[PDB]
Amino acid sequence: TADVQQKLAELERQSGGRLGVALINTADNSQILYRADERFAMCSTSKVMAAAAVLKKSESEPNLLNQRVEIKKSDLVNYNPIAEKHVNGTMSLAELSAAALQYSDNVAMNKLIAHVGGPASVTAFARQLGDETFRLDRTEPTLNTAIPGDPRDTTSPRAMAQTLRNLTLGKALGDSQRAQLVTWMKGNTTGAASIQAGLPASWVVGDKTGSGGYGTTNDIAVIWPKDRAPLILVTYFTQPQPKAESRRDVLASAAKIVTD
């Protein structure tokens, strides 16, 4: 709809920030796009690509997810909800992936990054999939600075929607690995006020949120509406003031506009 475009523009205006939306509707292979080719800081939405890279690696190393990783005090960063419970012990790569995806643990993300060879290796994995837009430049916590004009740790809504579709509904990952990614995303604990908040209660959602400087507030989701083909939705939002507050409501509103 041109109506949908007008409503998204209205939402953006009211919000004071910059909104990026990409919806893929697998029912009819249509898209709804708003600033979908602009770059936005991914913040923790990048953790999907890092977990996917480990899942890919596990297809040629079948006991990889059980591999143990030491957690030390020196690993702690700014937000360690799961890793702080495991200091001086080990977590498996499966546990780290779950912590990164479901609690947005930042130590967990740094262990996924390190395992696969660093930010440039996560980026090369994206390229191998056909995503030529995604770039992961830094580790946690600095990858979330979200400075306007800074291309580090950014992607576009279009690219991220196409990539999430490939990862969750397509064939980027083997069936076991794809199912594990989907299960992890469906068990997310951080997204109930974001895309989920703009959809009917009966719909099933797997999502990953992100937040960072400049009031950056993000969510990427695979959605199974009741008796419908699935949708992929990326909603990215960022604001002009360095210390702007979170605006999860804006993502909920965008989700409601594009699925109404």
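Note that residue numbering begins at 1 and tracks the sequence as displayed.
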Check your understanding: Mean CA B-factor: is it higher for 32 to 40 or for 60 to 68?
Key -> 60 to 68
Check your understanding: If you average the CA temperature factors over each stretch, which comes out higher, 160 to 168 or 86 to 94?
Key -> 86 to 94
**Study point:** Deposited CA B-factor, highest of 190, 123, 176, 133
**Key:** 176
Review point. Mind checking which third residue 202 falls in for C-alpha B-factor across the chain?
Key: highest
Exercise for review: Check where residue 73 lands among this chain's C-alpha B-factors and tell me if it's the lowest, middle or highest third.
Suggested key: highest
**Study point:** Chain-wide C-alpha B factor ranking for residue 149, given as lowest, middle or highest third
**Key:** highest
Check your understanding: If you rank every modelled residue in this chain by C-alpha B factor, which third holds residue 52: lowest, middle or highest?
Key -> lowest
Point to revise | Record-listed C-alpha B factor of residue 233: chain third | key: lowest
